[PDB]
Amino acid sequence: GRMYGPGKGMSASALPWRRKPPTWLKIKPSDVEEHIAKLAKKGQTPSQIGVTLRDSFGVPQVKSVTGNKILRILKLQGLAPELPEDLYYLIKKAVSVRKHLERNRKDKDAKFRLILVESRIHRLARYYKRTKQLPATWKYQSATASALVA
Amino acid sequence: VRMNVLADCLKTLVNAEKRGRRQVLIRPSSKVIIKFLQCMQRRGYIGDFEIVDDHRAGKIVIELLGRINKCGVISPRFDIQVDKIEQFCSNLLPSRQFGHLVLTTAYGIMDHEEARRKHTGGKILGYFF
Amino acid sequence: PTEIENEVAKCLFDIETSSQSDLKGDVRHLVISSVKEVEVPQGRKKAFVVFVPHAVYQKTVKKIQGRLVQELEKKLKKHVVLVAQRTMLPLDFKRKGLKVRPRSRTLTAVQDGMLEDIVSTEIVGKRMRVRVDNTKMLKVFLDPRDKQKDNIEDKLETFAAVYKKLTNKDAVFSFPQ
Amino acid sequence: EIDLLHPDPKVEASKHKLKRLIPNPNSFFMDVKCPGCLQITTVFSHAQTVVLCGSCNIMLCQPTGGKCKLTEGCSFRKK
Amino acid sequence: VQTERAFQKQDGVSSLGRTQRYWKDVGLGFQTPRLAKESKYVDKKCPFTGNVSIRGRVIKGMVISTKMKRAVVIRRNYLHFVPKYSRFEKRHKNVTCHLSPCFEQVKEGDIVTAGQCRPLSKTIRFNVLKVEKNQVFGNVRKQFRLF
RNA sequence: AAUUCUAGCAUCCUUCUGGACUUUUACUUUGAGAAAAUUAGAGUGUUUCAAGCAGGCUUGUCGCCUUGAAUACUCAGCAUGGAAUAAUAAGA
RNA sequence: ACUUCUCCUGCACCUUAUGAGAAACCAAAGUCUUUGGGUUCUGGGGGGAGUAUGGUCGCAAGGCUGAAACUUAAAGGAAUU
C-alpha cells in the first residue's frame, strides 16, 4: 500500500519471458555502450538513458543486449553521478518545497509534506551509507541542501 | 508485508480444499514448499503438481483429492528434542493413529515418524491431517 | 585418443575441402574438446554429443550453429548436438582458495546452460512436474513457430536421452499446441 | 471442470499483464514509415517522448496516456 | 618512549642487555603479532611483552569505546531463554578489557577476542589476544552480533 | 527385500602418517563432568502397610549365594557427528 | 460525446453461504478447540472515580498519568411475549 499515502496502486512494467531478445534486433554490444557514454556525457540520468534508447533507437533493454545494467556501464567508464538518482530527486523536491514554505508560512499541507520527504531522505540515506554508495558521515542538512543539487 | 511464504500457501490450499476445487494455484512458490508438498504426496494426501518456471518466484499448481481436512503452519518455528515430539502431537494432531507433524532437520525435511527412527529432532515447520 | 574423438576430428577437415565449402574458412578458428557416445532408447542411430571449449563456443562457433549440425548429420549419419564445456564449481570451493564463486559457475546455471544449448529454436516456456511416484519429469516447451526441419520431430526424442546422459534427470520436450 | 495448467487463449488475453500465468508485455515495437523520407525508424508503441526523424526532424509520434498517436497518414509495421 | 616520571623499562630484558627485546609466546593457539617484536614500547600488562599469563576463558565481542588509555570496553551480546513463554530475550554485559599498543588503530565497532588473566585493575579482568577490522554504520550499541 | 548407516563412480581438497582447511554461531545428536537425602524406579511377604535396605538357602564349623543395596534425574559452561531451517560474514 | 466489451484503482450497494456469531447482524465480525502470517495499543463484576494525593504540560479554563479505605449481588448485551 505504497508507504506514506493510503493508495494501493498496481501499475508496473512487466518484462518479457525471453532474454537476449530480439530476433529482429541486431546492432552490437559495443555500439550501445558508446551511445550510453555519449548521453551520460551530455548530462543525463541512468533512468533517462534507457527511456531515450527504447523510444527513438532500438534496444528494448540494455541488460538483454549487453551483460551489464546501465549504472554498471557508467561506473565502469567513470561517468557516474556523485550521489544516486532517487536520493537526488528527493533532495531537489525538498529544496523546492522549502522555497515555497518560507514564502507561504501558513500553508500547513506543505509543512506536512516536507516532513514526509525529509523523513524519506534520512532513511534512504541510511541505506546508501550501508551499501557504500555515499561517503561515510554524509548527512542531510537543510542549510547546505540547495547548493548540493546544482 | 509478506513474511512467511509457506504460511500463505497452506491457507490458500485449505480454503480451496473446503470449497471443493479439483486443482489450485499458489504463489510465490519456494524450495521449502515443494519439499513440504513432497512429504504430503508420499502419505497420499495430494496428487501430482507442476511448478511453472516463469522468470520469477514461480507458480505451483497442484492437483488435489478430497483428503486433507486441514494443513497448517507453526510460526514461530520452535525447537523440539525427540522426547518432545510425542508431547506436541498429543496436543496438536487429532489422534495418535493418523496425522503428521512435519519438521525440518539436518537430514532434510521430513515427518515426525521419520524423525523418530533417524533419531534427530529439529525445528517444527507445520502439520497436516 | 579416443576412437570416436578421432572420427569426429576426421570429419572436420573434410568440411574444409568440399569444392567451395561455405563455412570451411570459418571453422579453422573452431576446435574440439571431447565427445560422448549417447544412445537414445530404441534409437534409430546413436547421437554424438560434441563438447566445445567455452571461448571457442562464444563469438567463434555459435554464429551459425544450425548449418554445421546438418552437415555432420548427413556426413556421419546419426545425430549430433553441440555444447560448451562449462567448468562447474563444487560447494567446498572455499578450500584451495577463491571467494566469490560467481553464480555462472554454480550447478543450476550450468544445467540451464545445457538446455539453451542442446535444443539450439530457443524455448518458449519451461516447466517441471512432480509425480505421485516421486520422480521429477521436467518439460521444455519449444517454440511452435519455425518448426522447420522434419528432423526436429525425430530429434525431439533424443534430447531426453542427451539430457539424461549429462544431468541424470528426466526431460520431455514437445511443442505447445 | 477447470484447467489452471492449460488456460484458454481468449480469457488470458483479457486479463491484466501480471495476473496471467506467464507475465509478458502487451506493448510492442513498430517500423514506422513517415511520408517524405524513404527511411524507417524502430519506435516503441507507448512512447513518452516526441520522436524525430533520422534527418531534418519532421515528427513521427506525439506521446499520450497509453499508445502514441502517429502523425497523419504514415504506415507502421509491427516487429 | 619515556613519557612518565619513573623510567619505563621492560622486565625480562636485563641491564646487561642495553638492542635486546623480550617477547613472550602466549600459546593456546594464538600467534604473536609482529609489531610486538619490532617496536620499542614497554607495557607491563601486555600478554606478549610482559608478565601476564592468559588462562581460563576466552571472550569474543564488539568494541564500544576506546577512550581510556591502554584499555577498551567490549559489548558481549547473548540470548536468554525464558522457559514459560518458550522464547528468547536479548541481553548484554559490558566487559571492560585491557589492550596493548601493538594493536594500531583499534577503531570503535571492531571485533576483538580477549583471554582471562589476573585482576589488573578493579573493572578489568580480561586481556586482548587479537582484533579484526569491520565497519559498522550508525550506533555501535545497536549492533547485535552473537558470535 | 523394508528401516538405518556408509563407500565409490559422473571429473571431489591437500601439509603428513590421526588434524589442518570448509565464513561464524544458534539448532539438534551423542558424550564428558556434576554430593547425597527427597522424587520416579529395579530387587525383597517390615505379618499387611507407611516404611526399611535388608535378606535368602542350610546338622554345617576357613558356610555358601565368587550376595544385594541397580538405574534415571541434577538454563549457562566444556566437547562432538550433521546435507535442512535461521541468523552472520563476504561482494586469487 | 454516446453505445458494446475487458483491465486494474476508488467510495458503496444488492443477493447468498455446510463461513462466523449470544443474537442484532457480518465479503468481513469468514478462512479460530480442525485453536500459531507479522506487529502496535487497550480490557478483567458494578460503584467509589476519571475523584484524592504526587508528578508534568497550560496564561487560565483544564489536559495527560492516576490510587485506596469503605460499598454491593448483581450492573451490562441481543432478541421474545
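The residue among C:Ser120, C:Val83, C:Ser104 whose Cα reaches farthest toward the positive pole of the charge dipole of chain C, with charges on the beta-carbon of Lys, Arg, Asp and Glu, is C:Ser104.
Highest GNM mean-square fluctuation among A:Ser56, A:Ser30, A:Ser11, for chain A modelled with Cα contacts below 10 Å: A:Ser11. Simple spin-label estimate for E:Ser86 and C:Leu98 gives 4.4 nm between the two label positions (7 Å along the Cα-to-Cβ direction from each Cα). Counting beta carbons within 10 Å around each of B:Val5, C:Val52 and listing the fewest first gives the order B:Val5, C:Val52. Taking a ≥ b ≥ c as the square roots of the eigenvalues of the Cα gyration tensor, chain A is classed as prolate, since a/c reaches at least 1.5 and a/b is larger than b/c.
Label reach from D:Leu38 (point 7 Å along Cα→C-beta): in region D:64-79, amide nitrogens under 18 Å belong to D:75. Computed about its Cα centre, the charge dipole of region B:69-129 is approximately 40 debye, with only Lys, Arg, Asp and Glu carrying charge at their Cβ. From its DSSP helices (H runs of at least four residues, each -39,500 (n - 2.57)), chain E gives a residue-normalised ellipticity at 222 nm of -500 deg cm²/dmol. Note on C:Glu16 and A:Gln77: their simple-model spin labels are 4.3 nm apart, each label 7 Å out from Cα toward Cβ.
Simple point charges give the picture: +1 on the Cβ of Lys and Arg, -1 on the Cβ of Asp and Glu, and for chain E a dipole about the Cα centre of about 540 debye.
Each part reduced to its alpha carbon centroid, region E:22-64 and region D:42-79 end up 75 Å apart. If you line up the long axis of helix B:5-19 against the longest principal axis of chain B, both from Cα atoms, how many degrees apart are they, to the nearest 10? With both axes taken from Cα atoms, the answer is about 70 degrees. Using a ≥ b ≥ c from the Cα gyration tensor of the protein assembly as shown (square roots of the eigenvalues), is it rounded, prolate or oblate, where a/c under 1.5 gives rounded and otherwise the larger of a/b and b/c decides, a/b for prolate? Judged from the Cα gyration tensor, the protein assembly as shown comes out prolate (a/c at least 1.5, a/b above b/c). With a Förster radius of 60 Å applied to the C-beta separation of E:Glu104 and C:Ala55, the computed FRET efficiency comes to 0.85. Identify the residues of region C:8-38 with backbone N under 16 Å of a label point that sits 7 angstrom from the Cα of C:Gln70 along the Cα-to-Cβ direction, or state none. Flagged as within label range: C:21-24. Comparing A:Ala143, A:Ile73, A:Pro16 along the charge dipole axis of chain A, the residue lying farthest to the positive side is A:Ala143, per the Cβ-charge model.
Please say if region A:54-97 is rounded, prolate or oblate, where rounded means a/c under 1.5 for a ≥ b ≥ c the square roots of the C-alpha gyration tensor eigenvalues, and otherwise the choice is prolate for a/b larger than b/c and oblate otherwise? Oblate is the answer for region A:54-97, as a/c is 1.5 or above yet b/c matches or exceeds a/b. Computed from label points 7 Å out along Cα-Cβ, the spacing between C:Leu166 and A:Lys42 is 4.3 nm.
Only the Cβ atoms of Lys and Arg (+1) and of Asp and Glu (-1) were treated as charged; on that basis the dipole of chain D about its Cα centre amounts to roughly 140 debye.
Comparing D:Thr71, D:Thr42, D:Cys53 along the charge dipole axis of chain D, the residue lying farthest to the positive side is D:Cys53, per the Cβ-charge model.
Going by C-beta contacts inside 10 Å, put A:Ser64, D:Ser14, B:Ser29, C:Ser19 in order with the fewest on the left.
So the ranking, lowest neighbour count to highest, is C:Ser19, D:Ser14, A:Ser64, B:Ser29.
From the alpha carbon centroid of region B:1-64 to that of region B:79-127 is 21 Å.
Cβ: placed from backbone, ideal geometry, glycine included. Neighbour counts: every protein chain shown. Values quoted throughout were computed directly from the atomic coordinates according to the rules given, and no laboratory measurement underlies them.
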